[PDB]
Structures are given as structure tokens and as C-alpha cells.
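Undergrad: What would the 3D arrangement of this be:
(one chain, ligands or ions: 2)
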Amino acid sequence: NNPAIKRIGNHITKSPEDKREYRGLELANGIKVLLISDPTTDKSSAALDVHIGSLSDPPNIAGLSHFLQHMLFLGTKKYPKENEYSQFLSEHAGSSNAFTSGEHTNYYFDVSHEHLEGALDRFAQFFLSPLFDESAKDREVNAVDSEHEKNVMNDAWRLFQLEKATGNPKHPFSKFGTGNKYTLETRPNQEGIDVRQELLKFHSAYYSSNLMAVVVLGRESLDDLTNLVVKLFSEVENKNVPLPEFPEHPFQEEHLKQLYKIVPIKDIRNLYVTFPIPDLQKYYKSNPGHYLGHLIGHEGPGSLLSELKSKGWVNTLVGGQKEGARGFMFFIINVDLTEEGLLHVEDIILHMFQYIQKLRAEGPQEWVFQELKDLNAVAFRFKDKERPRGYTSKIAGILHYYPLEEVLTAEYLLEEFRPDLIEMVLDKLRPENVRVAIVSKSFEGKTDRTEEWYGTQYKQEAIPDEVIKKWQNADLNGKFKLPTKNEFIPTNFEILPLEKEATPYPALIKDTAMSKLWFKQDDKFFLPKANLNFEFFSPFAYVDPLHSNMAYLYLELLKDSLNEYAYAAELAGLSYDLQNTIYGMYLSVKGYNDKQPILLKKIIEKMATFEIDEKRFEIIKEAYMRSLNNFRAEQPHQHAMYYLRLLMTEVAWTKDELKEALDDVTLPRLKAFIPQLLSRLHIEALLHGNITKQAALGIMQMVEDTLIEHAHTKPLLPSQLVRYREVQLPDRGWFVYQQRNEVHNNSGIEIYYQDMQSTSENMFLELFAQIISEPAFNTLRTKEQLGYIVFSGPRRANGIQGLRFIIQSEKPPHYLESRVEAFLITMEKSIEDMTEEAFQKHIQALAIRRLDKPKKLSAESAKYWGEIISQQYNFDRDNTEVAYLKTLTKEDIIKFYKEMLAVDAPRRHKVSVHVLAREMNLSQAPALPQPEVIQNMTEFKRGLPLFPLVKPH
Ligand SMILES: O=C(O)CN(CC(=O)N[C@@H](Cc1cnc[nH]1)C(=O)O)Cc1ccccc1
Ligand SMILES: [Zn+2]
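TA: Residues are numbered from 1 along each chain as shown. Ligands and ions are numbered 1, 2, ... in the order given. Coordinates below:
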């Protein structure tokens, strides 16, 4: 018997493939706990989920729960140092984060498996005795505000909050969850409110043990984990807080039958249809929501999306249930619009109700239900091993909704067939309770309303009774055929025997002029899956902006035409990735290896015999134009990274150049482009997973034979296989490129300190980056509060590497950069003052991060694929570079800094991208040289040397 524990669960149902061991238990204070033992893991992890979220914010203090979530990381009674947590994790190869939904606040971390307990103590202190330091508050409010301002110009966010603003204003749903400087500091100060003490009341009141779930994953035995969790979490007090429920829908009748005309930030065209539904959560065993969402959202032949696309009205459609809260959900149907579809919105919706009516006519179909059940069963049984962090987080989340023994299977396995529930939801989908939203720039100037928090321009209308009735009298329709049996359902899950000459690394099993084939039979995971990667090399992909555009449009048209067919396979766990690149095309095929050669053959066959459809052509090209235009509205740091890419790459076409050259792209010219693109090719492939060498060779030769047969493809010259170099900066040089964002009123910046990627250089850079990793965050954000987005680390491109800082701040870069340099000096000092053992802890942390084994096939394949597309082929890079990493001493790093990075360093290579805003104590900052301002990227690149290329392994 144990008094600290209320109950121990039964056997937790898991996949037969899952070797991890589980134990569920509820503590005396009512904390639901899942323990995961996995002796083979490198990183241990833990997560805690509170069942309180932004919907429980005080009406006078918006975002208090979010702010609290931020503040917990900044000191507790037992661990008072503001960054003890993040420093501990960083020093022990760990990371951490958290988030806040309307109903939940979820905290999570990972760390080296040998410091799991140490991390977990500090973690546990968050829910017992948090400090909420006043200085910490006055500072972090800036970080939260900056987070919000980041989201302000984001269309998705604006719409997200708009839906809340258009509902019952007295309903908690209408609350603004993020919070900012105004709502957290300014307004409360105006109203005498002591924020710290509001935070303490919220924590004390709502952070009760009875509203908490905990998941812990480690190498230790289940009994050890038990003892640990009991020890650290039995002291959490139970205040028996009643679980907040929201039975009343935020959308009642006068909020129904409404139209909303909305002005976006980007040039997009969208249609959002919404139905209020009850909370279907409790029916998870049958789940009508998925049923109707699968049908409505289906993209196969005979489908709604198929029809509406045939009329050239829409391009993409999503449909199904979206969650609201405990007491209410939604059922949405959203499409993107063409220029024509925008003028036929009513008709589109009528078609929607026609499809719905067709469903009502044919009723619930059990065979459909079983198809869903079996597919989910396969998915669950052969589910890839998750990263411990996201795993513990997810499980801690879903512990509040499901019985212990079912927490793993609950979201996957279906048991009950409920025609009644299906028909009931289906009955709730009717014009009398519909909400319609149009998002288009065509409403600019013609709106009469403004959303408070994001400043969204919109107009509300009542939908004419007449129209409602045309939609009620919706006929069923002959343009629609319900989906048939999915042919791509896998039947062969046999894991092929491991060959005698099988290699631990990808072997080069083909080296012809036509193709270079790398292969590996999976030795670790033993699933019935496979990954098939293909890099097609053709100089005509990126020879000029015109051909670049044509490549993009070619592959987009291809994918579009094959969507209807591929969707079945997608549902059946088999998906494909296809897109153009600076070097030519890229095509990956991932999933169950059973029907893979079928899908692939179809891909290549269609690829080589593609007949372009003109409607599709000019619609897609219009979309692409809008897209290029819409890069304008991207965030300042994305702008900075973009500009820097352009500066440091030998050959690169700007989006303005692309856009300009896009008008000259005619149908005959593209139709002429494709065969010349396919005329001469090279193919470097990586086939990895549950397949034999002979199978792999057969596949590669199948693709080659298809291309030769239908496109008369011939090999490419070896010398012709070009590669782009990186611009070489001069010693002690500083260059600055300046632009303006025009959309965000927020400045972005990237600082880049440039040699090539040799083992030594690599580990110098990476170790330094490790040492400064968390101090940079703590200094630039936690202390100085420059922005929400403060990033630092290695930059790798074209075989050449450097150290980058990226910041998105309210302040100007001419000052921001100064703060960065000052910080750099601070690091020069702290390295000289840190102990050799601390140094060795950084070394160890980085070593662990580098030696962390992948847990799923795709990750391994990703490592290999990196090694291949970089054309370095160092498959044993981890072992080699870690071995050399532990060789290093403190002053290898000291002279590295003093020679390459210091402000007066002899080989300092500094490039700064300054993206200005729309409208434009502390440490000692060093006096900087006068920068040379780039006023033309090409002239700049012509005036400078180009780096060499890394030699393979
Ligand atoms: O990504 C999720 O899991 C969430 N969504 C689920 C969904 O609707 N899945 C659809 C996907 C689909 C693709 N094409 C047709 N349907 C399905 O039934 O397969 C809902 C949602 C909520 C909030 C904002 C966006 C979307
Ligand atoms: Zn946040």
C-alpha cells in the first residue's frame, strides 16, 4: 500500500511495435500521471498540463494566464536565479517551452537522460513557489507585447480573433488571449492594479493539483519514476477547483445567418463557412466529426472540391470539425477563391449544401466507418517513435480527456458505429445556422467596422432570407459521387529479412552517368515503411528567372492534376513531396512500401507525358503572382534572411525579377520548356527502409526507363553538374544592406560573421555557438528585452559556415547591432572566467545533442540526405566530429574568437542585413568601424571573390 498514491491504472494499451514501458497512476492530490520507461533513450523529457487557459482570464486583465506562463520560467523560491532553469537545461543538452490555449497551459522540457531528476526538480518548482519578481515582470511584459505585435499583421491571427469578436461579447470565447503591454502594464496601472499580486492570486487559485496532468519519460524503471513523481509532486496542494465548462455556444441565433466582408493584409481570396455544433468530444469512440469531415473534405474523384475546382471557382478546400471548448465545437468548410469563384460565392455555397444533401440522401455507411477504423488501426500499430518532448507534451494534454489505459489509443482507435450521431451532426449542418466570411482585397474602403485588437477592417451583414431559402431547397446533385473503396490500403506489412551484405550506412550501389543511387535497408526501426528520395539535376531549372518560373508552374500544374488520384494514397499512409530547386527538381515518396512503386510509376509517367490544361494554367499562374506579391507582407526577419541569401549566393533570382519575368510565360513556351527540361538529366537518389537492394535497383531503373521511354532523356555531363559558391568577404571588412518592410512597423536584422566546413572549423563554430546559446537569449531578450525573436547560432550554406544573430525588435538596428557587439565582449569575458569543468559541461552537452540517435526512419533519412545534397557524404560525421570536439580546450576557442569574431579581429568577416520598420545599466558597447553600404547586390557580388567547394568523403 501507498498513501501518496490514490490509484494505479491497469495495463496501458500500446502498439505491439512499441517497446517502451508505461504506467498510469493518479496521485492522492488528483494529479493524473503517465510514466514512460525507455532505457535506450538519449534525452529524457517531462511535461505538465494545467486544464486552465486564456478563457479563464479576468475580464479586466487580458492574457494573464499567458503572462503567467511566461513568468514561471523566471525564478522560484527554491531556485531564485532568473535563468537557473534555462541555464541548467542548456548546460545539460536540454530545451524547454510552453504554450497557452483557451482551456490549457502546457509546459514541457527535454534534457540529457542523466540529469532528468535535476531538471525535473527545477521544473516542479514552477507549480509550488514561483517568485514573480517585479523587475522580471516589468521586463517580460515587453516580450509578451512583442509576441503579440509579431502576430498583429498575420492574417490567420486577425481572423482567429475576429471570430471571437463577432460572437457573444459576454461569452469568454470573445476574450483576447495573447495580451500586450497595454493590457498587462498600462491599463492595470491606470486602475491601481498590482499585477504581481493578481498573478499570485491566479496561480494560487487556479493551479490546483486536481486540474493537472504529468508525463515523465526516462531510462529509469517504472518504479523509480513512480517514487520520483510521488516525491516531487505530492506537495502540490488540492484546492478542488471545479473544471470550467462552457455549455452555451458563443454563437447564438442573431450571430447566425451572418455575412462578413473582410480586408486582408496579403493579396488572398478566401471563403469561410462555419456551423455551430455541440461538444462531440464525448463521442470519441465513434467520432461522427471525422466521418463527415472525411466525406465533405474528400478530394478524390466525384468530390465537392473536385466539382468546385472543375468550375474553376476554388483551388483548395478544407472541411470538418474544429474544436472550440468544453461545451461547444464548430464544423467548418473553407475554400480558397479564384477571380471567378469570388463572383460566384453564393453558387459555391449552394453546391456545398447540395453535397451535404446528397450525404443526407445516402445516409451513414458502415463500410466507410470500417475503412476509417482499419486505417486508424494500421496508423496506430505502425506509428513512428515520437520525440520525447512533443510526446510527453501531447500525452499530458490528452490525459484530461481520456482514461489512463486508453490515453495512447484514444485518438486513433474507433470502436462504435453510430449512424444516429452521424445523422444528428449532419442535421446540424443547415443554412438556418450558417456563418459566411469572405476575405478579399476587393472590400478595401467599403468596410464600416474595425476589430479592436488587430485593427481588422470588416463589414457585417445579414444574409437575405431569400438566399437562405435557395440554400434550403438545395437539390441533391449528379456532379457528385461518394468516394469508393480506397485502393491504396496496404495489405503487405511483411518486414523483409536483413541481407547478408547490409551496411550500417547508405551504400553507393549505382554510379552511371544517368543516375547515382544510394541505398540502405532499415536495420533499426523495422516498420513496413520506406523513404524514396530523388534529386533531378538540370541546368535549365534555374538558368534564368523565366525558366525558374516555368519550373515552378510546371510542377504546380503536375501536382494539381495528380491531386485527385494521389489523395487516396495520402489517406492510405502514402504521400509524395514534389518541388523545384536551384539545381533542378526534387521528389520524395514516403510511407508504407506496399503500393509505393505504383504511386511512383504514376508520378514519373505523368511527369514525362504531361499535357497542360489552360484553365489550370492561368489560374495557378495568377495564384503564383499573388504569392510573389505577398512575400511583401512577410516578417522583417524573414526579409532579412531572404536578402542575406541573395547577397551570399553566387546565383539567385529576386522575387521582383521572378515577378517581372512571369508575364512573359505563355502556354506554348511552357509546353516547349518541359521537354527540354527533361531532355538531359542527372538523378541522385537515396532509397531507405523496408526494401532490398534488388528492389531499390528495380525502382531506380524503373524511373530511368520511364523517363527515357516517354521523354527521351539522356545523361548529363559531369562538368555540367554546376554548384553555386558563397561570396567571400575580405578580412576586417564590414558590409551593410538596408531595406524597408512597408507592412509591419517592426524592424528585423541579421548579423553574419563568416571559413569552409572542415571538421575543426565546424566544431569550433558549433562549440562557441553552444557556449553563447543561452547567454544570448538571457541577455538580449530576458534582460534587455530587445524583441520576442532573438536567435543565434551557426549558418551553413554552400559548404561555407559562419555565426549568425537574427533579431526582430521595435528598436533600430543601428543600436541593436551595438547591443550585439557589447554582448560579444561579455562572452569574451565570461569564457575567460568560466571553469574548465563548466567548459567540459558545454562540450558534453553539445556532444550529446550531436550523438542523439534518430527515433524514426524519416529522421535518419534526413541526416543521410543532408550528407548527400551537401555532396559531402560524411555519414560518420557525428562520431568523427564529436571525437574531435572533446579534444578542444578553452583557448582554442579564445583564439578562435580573437582571430575570427572579435571586433578588432584580423579575420573578421561581417555582413549585416537591416530591414527597417514601416515608419522609421547595460554593458559597454565597442566603437564600430564605418560600414560599407551595399546599394547594388550584383555589383557587390562581382566585386568579390568566390569560395571553393568542399571535397566529398
Ligand atoms: O489540421 C487539423 O488536424 C485540424 N483540422 C482537421 C481537419 O479538418 N482535417 C481534414 C483535412 C482535410 C484536407 N482536405 C480535406 N480535409 C480531414 O478530415 O482530413 C481542422 C482545422 C481546425 C482549425 C484550423 C484549420 C483546420
Ligand atoms: Zn508566449
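Undergrad: Not counting residues beside it along the chain, what's closest to the residue of the stretch 1-150 of the chain found nearest ligand 1?
TA: Nearest to ligand 1, among the residues of the stretch 1-150 of the chain, is residue 101, at 12.1 Å (C-beta to the nearest ligand atom). All C-beta atoms are positioned from the backbone trio N, CA, C, and that covers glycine. In this structure, residue 101 finds its nearest non-sequential neighbour in residue 53, 5.0 Å apart by C-beta to C-beta, 6 or more residues apart in numbering.
Undergrad: likewise residue 423?
TA: residue 364 is the one closest to residue 423 (C-beta to C-beta, 6+ apart), at 6.3 Å.
Undergrad: ok, how many other residues are close to the residue of the stretch 1-150 of the chain closest to ligand 1?
TA: Neighbours of residue 101 under the rule other C-beta atoms under 10 Å: 16.
Undergrad: before we move on, what about the one 4 residues further on?
TA: When counting by other C-beta under 10 Å, one arrives at 24 neighbours for residue 105.
Undergrad: Please report phi then psi for it.
TA: phi -130, psi 120 (degrees, to the nearest 10).
Undergrad: For residue 492, see how far away the residue of the stretch 151-300 of the chain at minimum distance from ligand 1 is.
TA: Closest contact between the stretch 151-300 of the chain and ligand 1, by C-beta to the nearest ligand atom, is at residue 297 (2.7 Å). Distance of residue 297 to residue 492, computed by C-beta to C-beta, to the nearest Å: 28 Å.
Undergrad: Which one of those two is surrounded by more residues?
TA: residue 297 (19 against 10).
Undergrad: Quick check, the more buried one in contact with residue 317.
TA: Yes - at 6.7 Å, residue 297 counts as touching residue 317 under the criterion of C-beta atoms under 8 Å.
Undergrad: Can you check which residues contact both of those two?
TA: Shared contacts of residue 297 and residue 317, defined by C-beta atoms under 8 Å, 6 or more residues apart in numbering, are found at residue 305.
Undergrad: How much space separates the nearest residue to residue 631 once chain neighbours are set aside from ligand 1?
TA: The shortest distance from residue 631 to any non-neighbouring residue, by C-beta to C-beta, 6+ apart, is to residue 655 (5.2 Å). Going from residue 655 to ligand 1 by C-beta to the nearest ligand atom, to the nearest Å gives 27 Å.
Undergrad: neighbours of residue 655, just the number please.
TA: Number of residues near residue 655 (other C-beta under 10 Å) recorded here: 17.
Undergrad: do the one 4 residues further on as well
TA: For residue 659, the count of nearby residues is 17 (other C-beta under 10 Å).
Undergrad: Residue numbering should commence at 448 henceforth.
TA: Shifting the count to begin at 448 puts that one at residue 1106.
Undergrad: need the next SSE after the helix or strand harbouring residue 593, C-terminal direction.
TA: If you go by DSSP states H and E, residue 593 is part of helix 581-599. Using DSSP H and E, the helix or strand that follows helix 581-599 towards the C-terminus is helix 602-612.
Undergrad: which residues of the stretch 1298-1400 of the chain fall in helices?
TA: Taking DSSP state H, counting those that start in this stretch as the test, the helices found in the stretch 1298-1400 of the chain are 1304-1316, 1324-1332, 1337-1343, 1384-1389.
Undergrad: and this structure, what are its domains?
TA: According to curated CATH domains, the chain comprises the domains 448-690, 691-920, 947-1173, 1174-1400.
Undergrad: Could you export these as a markdown table, including distance to residue 934?
TA: A markdown table is the format used below for the domains of the chain (distance: least, C-beta to C-beta, whole Å):
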| stretch | distance to residue 934 |
| --- | --- |
| domain 448-690 | 25 |
| domain 691-920 | 10 |
| domain 947-1173 | 6 |
| domain 1174-1400 | 24 |
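Undergrad: Regarding the closest residue to residue 1303 other than its chain neighbours, what is its secondary structure?
TA: Counting by C-beta to C-beta, 6+ apart, residue 831 is the residue found nearest to residue 1303 once chain neighbours are left out, at 3.8 Å. Reduced to three states with DSSP: H, G, I helix; E, B strand; the rest coil, the structure at residue 831 is coil.
Undergrad: The residue lying closest to residue 710 once chain neighbours are set aside: neighbour count?
TA: Leaving aside its sequence neighbours, residue 710 sits nearest to residue 904 (C-beta to C-beta, 6+ apart; 4.0 Å). Residues lying near residue 904 (other C-beta under 10 Å) number 19.
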